[PDB]
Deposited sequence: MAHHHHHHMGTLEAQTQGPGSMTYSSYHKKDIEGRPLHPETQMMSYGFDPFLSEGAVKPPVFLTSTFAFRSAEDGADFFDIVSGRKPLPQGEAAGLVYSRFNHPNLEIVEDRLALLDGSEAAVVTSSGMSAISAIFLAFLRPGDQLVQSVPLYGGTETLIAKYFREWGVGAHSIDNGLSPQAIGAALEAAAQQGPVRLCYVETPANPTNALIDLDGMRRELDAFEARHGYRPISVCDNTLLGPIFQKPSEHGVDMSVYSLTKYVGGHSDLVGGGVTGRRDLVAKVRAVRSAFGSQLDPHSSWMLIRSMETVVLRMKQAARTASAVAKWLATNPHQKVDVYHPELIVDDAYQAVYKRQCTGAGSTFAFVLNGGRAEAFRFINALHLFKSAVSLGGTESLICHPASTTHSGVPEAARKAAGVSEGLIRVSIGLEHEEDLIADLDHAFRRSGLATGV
């Protein structure tokens, strides 16, 4: 009755749902917003209840087991991206970690797209590699044959437990073909008799502009720190997808103590009331700023924004799995680090930081920050050049952001 998804047959819009879904005000004194349970300690009505509770939590008896504020966030997040279930954690990285800890074992192999968020690559290549997990890279995320080849290469060395992709990629907005990935995992399953669990890091576009569950992806992972929170003021992670898989992640979250805290949960609920509004606004502005960059009167720059990438295969994937371009993109100045540094330092409205998806616009130079630990050769092959600048557009007016970039070109 408080999980109503439709009205007279037509489904409700997400922005409507984020004000009530999963919360019954009259079970909380009529409060129109959910109260914050700033505690993790809930007492039992009896010792018999306490024993009964632990019988169920442990599985000694078949199925109160969720924090009230986390449950509302999880219900609303899964609704936003079309998933059966969701679990929220203390951070994007602890959400990704819980997935790896839930499913990987020594001897396991995983397939990954390239490039991944640096912290994810660190978990795979440093920590889990040392725990006996092998990783195999997809050569070209737009080539289904390359996805299948990576799956076969992984299967040669052990069980392929996970197929973990991140699309669009940072900072070039390169894409992974989700439908092609699903079909390659279907053929793999037909050949080997088991199916790798598919996971998509959906932070850049989701949950509003991309829903991996609509493309057969088993789980999506989010750094709620970015767009969903959207105010650069809370850290949180989320995992959405099929109920049985999310249940294993929830078990790991509880075992490794990775729960999101109640106060941040209250901020997330507040944030989710404007997530539709904020993400569409930021994307509209970023679209305008990108088009202005692509034809600016100062200096020819390459603009790696999804609407400006002309390749046929790219656009076929984009049209099929994305409903907007997000608000994070990069452009490439002529010249190297020196020009990019002078450009960034001339801006007044973009703040120099490595985060993304805030109410304020952010800017950084990946080669000297997010990607400074990668060798210069591997940066160049990944398209991260010394002239590349990444912006994450916020809620400022497009005319002010454009005027800010205009001033930077002149003063550089």
Problem - Stretches with no C-alpha position, numbering per deposited sequence from 1 - result: 1-25, 89-99, 449-454
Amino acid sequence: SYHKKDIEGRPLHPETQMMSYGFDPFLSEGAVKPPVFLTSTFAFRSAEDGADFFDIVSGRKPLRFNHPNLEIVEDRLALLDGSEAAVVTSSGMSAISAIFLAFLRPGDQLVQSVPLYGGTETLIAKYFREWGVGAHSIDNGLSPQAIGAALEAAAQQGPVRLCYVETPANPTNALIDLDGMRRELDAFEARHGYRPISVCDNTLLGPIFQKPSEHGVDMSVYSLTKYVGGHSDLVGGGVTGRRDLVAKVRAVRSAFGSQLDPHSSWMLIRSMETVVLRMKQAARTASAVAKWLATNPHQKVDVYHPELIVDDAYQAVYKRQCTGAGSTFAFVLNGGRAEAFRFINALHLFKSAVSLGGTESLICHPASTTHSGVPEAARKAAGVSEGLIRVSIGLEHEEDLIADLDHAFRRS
From here on, numbers count along this sequence of modelled residues.
Problem - Between 126-134 and 195-203 (mean CA B-factor, as deposited), the higher - result: 126-134
Practice task
Select between 380-388 and 37-45 the stretch whose C-alpha atoms have the higher average B-factor in the entry.
Solution key: 380-388
Practice task
Between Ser361, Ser58, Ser352, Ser355, let me know which has the highest C-alpha B-factor in the entry?
Solution key: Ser58
Handout entry: Third of chain Cα B-factors occupied by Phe188
Key = middle
Completion exercise
Quick tally, chain-level thirds of C-alpha B-factors: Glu15 sits in the lowest
Handout entry: Relative C-alpha B-factor of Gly336, binned into the chain's lowest, middle or highest third
Key = highest
Practice task
Ordered by C-alpha B-factor within the chain, which third holds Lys300? Give me lowest, middle or highest, please.
Solution key: highest
Problem - Chain-wide C-alpha B factor ranking for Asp312, given as lowest, middle or highest third - result: highest
